[PDB]
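Notes follow once the structure below has been shown.
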Amino acid sequence: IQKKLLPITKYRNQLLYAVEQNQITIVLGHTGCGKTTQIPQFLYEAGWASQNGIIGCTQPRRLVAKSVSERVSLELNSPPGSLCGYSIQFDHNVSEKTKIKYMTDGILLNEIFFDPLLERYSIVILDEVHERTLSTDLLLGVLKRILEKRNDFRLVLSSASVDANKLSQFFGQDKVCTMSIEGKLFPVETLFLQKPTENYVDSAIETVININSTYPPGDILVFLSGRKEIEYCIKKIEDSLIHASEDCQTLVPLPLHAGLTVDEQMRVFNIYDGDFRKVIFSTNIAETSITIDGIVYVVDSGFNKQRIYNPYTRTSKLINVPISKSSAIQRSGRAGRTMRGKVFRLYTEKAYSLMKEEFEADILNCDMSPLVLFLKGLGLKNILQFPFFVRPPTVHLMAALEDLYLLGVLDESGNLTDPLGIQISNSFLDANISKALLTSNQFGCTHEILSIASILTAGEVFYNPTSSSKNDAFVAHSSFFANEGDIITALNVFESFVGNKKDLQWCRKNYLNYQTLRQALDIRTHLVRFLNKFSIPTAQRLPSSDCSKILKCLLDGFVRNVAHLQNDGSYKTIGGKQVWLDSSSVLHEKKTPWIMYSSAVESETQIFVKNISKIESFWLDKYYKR
Amino acid sequence: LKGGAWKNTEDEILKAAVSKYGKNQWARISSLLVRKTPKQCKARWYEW
Amino acid sequence: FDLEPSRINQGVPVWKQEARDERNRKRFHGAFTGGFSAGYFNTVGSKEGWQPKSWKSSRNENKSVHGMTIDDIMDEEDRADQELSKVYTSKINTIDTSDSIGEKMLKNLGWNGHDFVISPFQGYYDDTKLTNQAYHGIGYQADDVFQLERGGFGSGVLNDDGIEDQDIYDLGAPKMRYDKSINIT
Amino acid sequence: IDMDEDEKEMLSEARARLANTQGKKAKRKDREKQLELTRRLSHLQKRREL
Amino acid sequence: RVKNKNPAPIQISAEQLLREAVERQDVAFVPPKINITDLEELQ
RNA sequence: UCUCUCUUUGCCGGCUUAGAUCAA
């Protein structure tokens, strides 16, 4: 019944006609209208997947992919994985009988790498391409090539942003049909300030109080720059609650950001009975995949945080940027789902007249070194031959290529060097971490470097509570403080973790993130298969306590990321950069003479390094001379 | 940080501390209320 | 070495941290570290003592009398700062940072750019030299009057700074603080 | 009704504060007397068991 | 819902603070009385 | 004249520049 209620049912024949008669079809619509879940059902009913054909729909988000796969499997009254399955990076749940397959962009790029023409798929639907992820646009570039070679292969493009004209020009108007779905949205009126504001949060709180005291019931969703303003809004809202009048509803504040634990992200969906009015302090989470109903009034600051990486310095910073016009329209349309709602954007229409329309792609805002590895693995000597939708910065490409050359994956001529280069190209991970894994075979200690890589890729394996249990966490960590840095501390923690029977109560007692450890287990299993693809044994362990040669492999993997202590407390990188150690690392004040890090995150005053591990000078000297 | 709105708990702790310490040790009294300064404690005692 | 009990630090950052303890004791040692005693006990010697080794040279017995090495006469501080003070070589890092071989790499890429091509990422790299915002609104024009941005021994790290501690000999700000012309009307 | 959690802890601190008294370092003399009492009782007990 | 800002039916008073402060005291310490079983422990 | 209970019942460390200072 829910299948038939969606607006897309009445376009089924038209969509099918468009899908059949056009090699590439651009579908424009709003999230939750049924494009994600009902297009596979519709074309399976038509018969596109009949006779060994497979319907491969790309979902660039792992959680979204799994949830949509489960929903489609249950809605079709079929056992999970039998007809519809999911395959996210380093996690596969598929079957030979599976017809509707939901796949991540990176795995599909890998399949292109192994299978240039995708003979097992007759149609592939690209969904949630509006976020413009690096993998998504690289996949789009390769997909133009495969449609060029394959006349039978079909493409369905589903996007939540108005980019169809650009895709039409890129794909050729004679082979693409530009269709737009007609949904329904209650008319939302925008309200703008006559004069520019000085303190947008104070304007927002003023409007929030006026909404509470003067408007009918309805949850208020705010849009704020970042997580630093959340607690300030909690405090002001608590003070307003203490001084709240009897004619005003009990206004409950609710944080919503990416750094929260999942239970905190579940606190917003809770139903507050009585005269309780929810206000959701969301940074940017309440833009996609978030469906709190009853949202009526939204006040938008017009500022959002984001990440920009600096190639010249290999750093990354979280900066505030005015939102794009498309983001403002999406924020305005977010309110009004269930009843009529109003938006109050804290600026003037003259300010709206100047922002750039759509946010730039992540292929234009991420590290292209994996992209260059991918293209070089396919066999593209000249990077300019690939059909980029938007030309990437040339200076970034040459920076990445020079980084790859100094890493050894590329020769003087720019071709893959030895089995090393091709084997690095076959690796999902970055070339820096993969170098240690591939060179560990020469030293017979692959196991611990594999564990290190799995921990690094999975993420942070420690959980830090904000309450008094932080001292308890320190005591919980107090058993495993390694003199040689955080990396060997992580190795010891991982060894005793698998040595403690995977006990979840032990993880609670030690405040250890079990999900990250499981993901590291999957990573290490898949990398074991990756090495066995090259017939490399993975039973090699160092029987001696001397971690020195593991450190040689790491220094081979982190050649650029070395630094030595300065008198002022900061560290001098080999490249003459002033960096500061993060407080989280054990070696915060140990004054270690020579240090080696992995990742650099830069703030407005200090450049902070992470994954701190101590080293010795003569290793570096002997490694550099050869 | 420092300051606020002088909740009833703060006021009663202030009264008890004045009873136990006197009217000339506002620094020692303010050590009890972490959100208030000795000048603030003195002002509230002599004004409210 | 058990790194001593680490629970003492907990949080409580620099300006509330008690004092450094060499042996879990509130004291300083060393002339240049703030202690009123240096060496063993205000002395050069050591606990055990120190004696020279036997000497014998007969054109075949002095061969057993080898030379002197760096490490055998230094101490734990001396070796620590010897490790700290070793910085040289570098070379390759300086060549490809901050293009040379990368120009040959561009030859591999078939650049053929003539007129170079730029991307909006570079407009955001310009944003690295624009602002990070200052908690203001989108349309806020801000104001220009509200924006702002020799040696010897030290007076003492605890003796602070003031009008007292500036260079009496001043020759800076040659022309950067001065206009080149002024409207007369 | 539920004054957060910080106000509870400062109330507990103030409660321990108001009934402290006995100075600050007077907690050493009585402790040494108790330790001496325990040591003498142990000594007498060893004499008695002998 | 930990958001019942209703004023409490009982308000913390100073005398309550001091009374629940003094409740922290106990009786005088009870030491095991020494036993004198011969003339030695008597003298 | 006993026993218990209540009530009445007058009642038995110093000095100085408050010694000097105090943000998670």
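Bear in mind that the values in this text are calculations on the coordinates, not laboratory data. Note that each Cβ is placed from the backbone with ideal geometry, even for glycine, and that neighbours are counted across all protein chains shown.
Brief remarks on what is shown
- Note on region C:85-116: among residues that are β-branched (V, I, T) and within 16 Å of A:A400 (Cβ to Cβ), the one that is farthest from the other protein chains (Cβ to nearest Cβ) is C:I101.
- For region A:7-23, the condition of being small (G, A, S) and in a loop (DSSP other than H, G, I, E, B) holds for none of the residues.
- Any hit, region C:99-119, residues being in contact with a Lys or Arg (Cβ under 8 Å, 6 or more places away or on another chain), over 30 Å from A:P322 (Cβ atoms) and either assigned to a helix (DSSP H, G or I) or among the polar types (S, T, N, Q) (or both): yes
- Yes/no for A:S544 being hydroxyl-bearing (S, T, Y) and in a loop (DSSP other than H, G, I, E, B): yes
- Any hit, region A:320-327, residues being small (G, A, S) and closer than 25 Å to A:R277 by Cα: no
- Listed by first and then second residue, the pairs with beta-carbon distance under 7 Å, at least 6 apart or on different chains, first residue in region E:1-12 and within 9 Å of chain D (Cβ to nearest Cβ), second assigned to a loop (DSSP other than H, G, I, E, B) and among the aliphatic types (A, V, I, L, M), are E:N4/D:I1; E:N6/D:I1; E:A8/D:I1.
Residues are listed down the side, and each one gets a yes or a no for (1) within 14 Å of chain C (Cβ to nearest Cβ); (2) surrounded by 16 or more Cβ atoms within 10 Å (Cβ to Cβ); (3) out of contact with any helix residue (DSSP H, G or I) (no Cβ under 6 Å at 6 or more places or on another chain):
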| position | (1), (2), (3) |
| --- | --- |
| A:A458 | no, yes, no |
| A:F474 | yes, yes, yes |
| A:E484 | yes, yes, yes |
| A:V493 | no, yes, no |
| A:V498 | no, no, yes |
| A:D503 | no, no, yes |
| A:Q519 | no, yes, no |
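- Counting only residues that are more than 14 Å from chain A (Cβ to nearest Cβ) and more than 25 Å from C:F32 (Cβ to Cβ), region C:138-169 holds 10 of them.
- Condition met for D:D2 (facing chain E (nearest Cβ under 9 Å) and acidic (D, E)): yes
- Here the condition is being within 12 Å of another protein chain (Cβ to nearest Cβ) and surrounded by fewer than 18 Cβ atoms within 10 Å (Cβ to Cβ); of A:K236, A:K278, A:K228, it holds for A:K228 alone.
- Checked against the criterion of being more than 16 Å from RNA strand F (Cβ to nearest atom), away from every other protein chain (no Cβ under 14 Å), of a type in the set (K, R) and touching an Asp or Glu at 6+ places or on another chain (Cβ under 8 Å), the candidates C:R79, C:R23, C:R27 yield just one match: C:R27.
- At least 2 residues being touching a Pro at 6+ places or on another chain (Cβ under 8 Å) is the threshold, and among the helices (runs of 4 or more DSSP H) wholly inside region A:178-279 those reaching it are A:228-242.
- Selection status of A:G575, buried (at least 16 other Cβ atoms within 10 Å of the Cβ), within 11 Å of chain C (Cβ to nearest Cβ) and either polar (S, T, N, Q) or part of a loop (DSSP other than H, G, I, E, B) (or both): yes
- Verdict on A:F170 being within 14 Å of chain C (Cβ to nearest Cβ) and over 30 Å from A:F90 (Cβ atoms): no
- Top-ranked residue in region C:3-13 [being at the interface with chain A (Cβ under 9 Å from one of its Cβ atoms) and in a loop (DSSP other than H, G, I, E, B); ranked as nearest to RNA strand F (Cβ to nearest atom)]: C:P13
- Filter result (hydrophobic (A, V, I, L, M, F, W, C) and more than 19 Å from A:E96 (Cα to Cα)) within region A:44-68: A:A46, A:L63, A:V64, A:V68
- Test: residue in region C:56-66 that is more than 14 Å from chain A (Cβ to nearest Cβ), within 30 Å of A:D621 (Cα to Cα) and either more than 16 Å from RNA strand F (Cβ to nearest atom) or not in a loop (DSSP other than H, G, I, E, B) (or both): yes
- Any hit, region A:411-429, residues being closer than 23 Å to A:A361 by Cα and either of a type in the set (V, I, T) or within 24 Å of the chain's Cα centre (by Cα) (or both): yes
- Options E:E20, E:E41; residue that is in a helix (DSSP H, G or I) and either more than 7 Å from chain D (Cβ to nearest Cβ) or within 30 Å of D:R39 (Cβ to Cβ) (or both): E:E41
- In the set (1) within 30 Å of A:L587 (Cα to Cα); (2) more than 16 Å from RNA strand F (Cβ to nearest atom); (3) surrounded by 12 or more Cβ atoms within 10 Å (Cβ to Cβ); (4) within 14 Å of chain A (Cβ to nearest Cβ), C:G39 fails one condition alone, (4).
- Taking every residue in region B:10-38 that is within 14 Å of chain E (Cβ to nearest Cβ) and pairing it with any residue that is among the basic types (K, R) and near RNA strand F (Cβ under 10 Å from one of its atoms), at least 6 positions away or on another chain, the pairs with Cβ-Cβ distances below 6 Å are B:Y21/B:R28.
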